[PDB]
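Notes to accompany the following structure.
The sequence lines fix the lettering, A, B, ..., with proteins before strands; numbering per chain opens at 1.
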Amino acid sequence: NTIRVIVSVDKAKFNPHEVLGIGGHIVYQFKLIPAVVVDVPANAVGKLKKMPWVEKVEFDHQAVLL
Amino acid sequence: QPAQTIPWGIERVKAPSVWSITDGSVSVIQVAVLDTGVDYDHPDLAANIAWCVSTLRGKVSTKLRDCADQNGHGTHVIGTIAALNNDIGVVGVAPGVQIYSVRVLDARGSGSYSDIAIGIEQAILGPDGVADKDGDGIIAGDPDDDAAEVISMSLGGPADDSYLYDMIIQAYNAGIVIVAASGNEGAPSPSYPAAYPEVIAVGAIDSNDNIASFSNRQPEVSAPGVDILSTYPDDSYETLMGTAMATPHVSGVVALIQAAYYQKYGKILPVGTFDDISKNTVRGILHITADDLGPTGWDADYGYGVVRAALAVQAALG
Ligand SMILES: [Ca+2]
Ligand SMILES: [Ca+2]
Ligand SMILES: [Ca+2]
Ligand SMILES: [Ca+2]
Ligand SMILES: [Ca+2]
Ligand SMILES: [Ca+2]
Ligand SMILES: [Ca+2]
Ligand SMILES: [Zn+2]
């Protein structure tokens, strides 16, 4: 049902209150890069993609200990 | 608690003879270790743990509880860098360096890229939450700030994501040396983040100076990563292998370099690049003082070679 993705934003068009509108919520707003970690419904990826303030959406990948 | 021994790896990277000059205890210098957390009260580590934080699930927490090591890997890595030089246990490459333990991997030893990225931001921001308090552009090596000078990542994955790279770049531009494990699949090149140009990819050698079969190829440098004895929970010790074990050796070396340079000059060295073969950059120094194994020059197995603290510090101060 929900998925966590990282959205690179256009700071000229972004306000964190925009996420709720597509069914999501913010997990973390980066201080040093223009990006936000968000939880959204899994069938909402396409919809996000088409949003003006969205520059890139990336899935949350896995790293492992070496 | 057992009597202190110097693990073969610490000997191999020529750390003991540096300690008279510095053991890394220069106050402006911190090493951030982004890993499974830390046994924060381990008697061989506690005095060097300067900050214990977690970024798991995207929530920044300093609850000692949330930041403690539930795997052991983190504790082991940290002990290779910063185990205290005393009467017990082991001893790190830089046995007086301050550590920031940033827990970005969970009890399983796995982590989200997002959590790692947050982890890198915390290393930059420091406990005060602000990267550059006085706005002068100087972050790493500014005594007014509390940024780490080294970011050590004994972890990796196959994805190359732009946001994580953007954060890597932020670290590099803050003047922080980034060090990462090359990976353990015997692959032809390093995993991420080691494969970024701004990061030092580290391969693993064994005690016979051979490259480990599992070591991802084409690293920048190499270091001890087979049969590595270090700290482990709870208040104990264990022997492990991996490019995760080699990486802290390198981070320790870099800590010594920056500490020694700051002690003498009141500044740190620039990070430098992969190609650097000069004395005016950390990475340049690492490359020219490494023990060139295998075929002459940089090669796919050992990189430029095995890091040597003693020689790197001499080059830095000369
Ligand atoms: Ca610092
Ligand atoms: Ca303990
Ligand atoms: Ca000790
Ligand atoms: Ca700070
Ligand atoms: Ca500053
Ligand atoms: Ca300053
Ligand atoms: Ca060689
Ligand atoms: Zn959520």
Side-chain angles (χ1 to χ4, degrees), chain A residues 1-11 14 16 18-51 53-66, chain B residues 32 34-37 53-61 66-67 70-71 73-74 102-125 151 153-171 178 180-181 183 185 190-196 198-199 244:
Chain A
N1 54 290
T2 170
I3 180 175
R4 178 160 295 183
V5 297
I6 299 85
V7 185
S8 301
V9 305
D10 175 350
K11 191 50 189 301
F14 175 68
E18 294 166 322
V19 177
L20 190 153
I22 61 70
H25 59 268
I26 293 189
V27 169
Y28 186 89
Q29 301 191 72
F30 289 100
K31 301 180 184 190
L32 301 181
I33 61 174
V36 182
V37 182
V38 303
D39 282 335
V40 298
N43 71 73
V45 176
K47 175 184 304 182
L48 259 174
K49 261 161 23 163
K50 299 7 246 184
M51 300 272 126
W53 47 277
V54 168
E55 289 304 342
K56 191 158 190 173
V57 180
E58 301 192 277
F59 296 103
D60 203 356
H61 297 119
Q62 185 200 207
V64 290
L65 69 58
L66 296 174
Chain B
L34 271 60
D35 210 289
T36 66
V53 65
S54 173
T55 65
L56 298 182
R57 289 80 168 174
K59 280 78 178 312
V60 180
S61 172
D66 288 318
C67 83
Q70 303 282 178
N71 176 285
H73 188 266
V102 185
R103 180 177 188 213
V104 304
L105 309 175
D106 67 21
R108 297 191 300 294
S110 71
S112 55
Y113 273 31
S114 62
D115 294 349
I116 293 165
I118 292 173
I120 296 172
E121 172 154 294
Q122 296 302 313
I124 302 168
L125 291 179
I151 286 176
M153 295 181 269
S154 285
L155 56 87
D160 168 9
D161 291 340
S162 56
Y163 80 88
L164 176 65
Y165 192 34
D166 284 332
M167 186 65 55
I168 288 287
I169 283 162
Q170 289 300 119
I178 313 159
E185 308 81 52
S191 68
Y192 294 92
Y196 296 129
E198 290 66 28
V199 178

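- The shortest non-hydrogen separation linking A:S8 to B:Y163 is OG-CB, 4.3 Å.
- For the ring-ring contact (aromatic ring centres under 6.0 Å, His included) test, residues two or more places apart in sequence or in another chain that qualify with B:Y165 are B:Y196.
- Considering only residues two or more places apart in sequence or on other chains, B:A194 meets the side chain to side chain contact (heavy atoms under 4.5 Å, CB included) condition with B:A180, B:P190, B:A201.
- Side-chain contact between B:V104 and B:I118 is absent, with no heavy-atom pair separated by less than 4.5 Å.
- Heavy atoms only, all atoms of each residue included: B:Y113 and B:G157 are closest at OH-C, 3.4 Å.
- A distance of 8.5 Å separates CG of B:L164 from CE of B:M167, quoted to the nearest 0.5 Å.
- B:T36 meets the side-chain hydrogen bond (donor to acceptor under 3.5 Å, both in side chains) test with B:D69; sequence neighbours excluded.
- Rounded to the nearest 0.5 angstrom, A:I6 CD1 and B:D166 CG are separated by 12.0 Å.
- Taking the side chain to side chain contact (heavy atoms under 4.5 Å, CB included) definition, one finds that B:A171 meets it with B:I120, B:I124, B:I151, B:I176, B:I178, sequence neighbours left out.
- The minimum heavy-atom distance linking B:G119 with B:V102 is given by the pair CA-CG1, 3.7 Å.
- Closest approach of B:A181 and B:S154 over heavy atoms only: CB-CA, 4.1 Å.
- Considering only residues two or more places apart in sequence or on other chains, A:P16 meets the side chain to side chain contact (heavy atoms under 4.5 Å, CB included) condition with A:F14, A:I26, A:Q29.
- When side chains are defined from C-beta on, A:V36 does not count as touching A:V19, because their heavy atoms never get closer than 4.5 Å.
- Residues B:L56 and B:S112 fail the side-chain proximity criterion, which asks for heavy atoms closer than 4.5 Å.
- With sequence neighbours left out, A:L65 forms a side chain to side chain contact (heavy atoms under 4.5 Å, CB included) with B:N71, B:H73, B:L105.
- Pairs passing the side-chain hydrogen bond (donor to acceptor under 3.5 Å, both in side chains) check and including a residue from residues 56-66 of chain A, sequence neighbours excluded, read A:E58-B:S162, A:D60-B:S114, A:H61-B:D161.
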**Report entry** Intermediate values then yes/no, side chain to side chain contact (heavy atoms under 4.5 Å, CB included), B:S110 and A:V64
**Finding:** CA-CA 4 Å; B:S110 71; A:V64 290; 4.3 Å; yes
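- Shown here are the side-chain hydrogen bond (donor to acceptor under 3.5 Å, both in side chains) partners of A:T2, two or more places apart in sequence or in another chain: there are none.
- Sorted by first and then second residue, the salt bridge (charged side-chain N to carboxylate O under 4.0 Å, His left out) pairs involving residues 37-48 of chain A (not counting sequence neighbours) are A:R4-A:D39.
- Within the structure, salt bridge (charged side-chain N to carboxylate O under 4.0 Å, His left out) contacts touching residues 18-33 of chain A (residues at least two apart or in different chains) do not occur.
- Sorted by first and then second residue, the salt bridge (charged side-chain N to carboxylate O under 4.0 Å, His left out) pairs involving residues 102-123 of chain B (not counting sequence neighbours) are B:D106-B:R108.
- Annotation for B:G74 and B:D35: closest pair N-OD1, 3.1 Å, computed over non-hydrogen atoms.
- Here the closest non-hydrogen pair linking A:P41 and A:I22 is CD-O, 3.9 Å.
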Query raised in the report: Could you walk me through whether B:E185 and A:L66 pass the side chain to side chain contact (heavy atoms under 4.5 Å, CB included) check?
Result: CA-CA 10 Å; B:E185 308 81 52; A:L66 296 174; 4.0 Å; yes
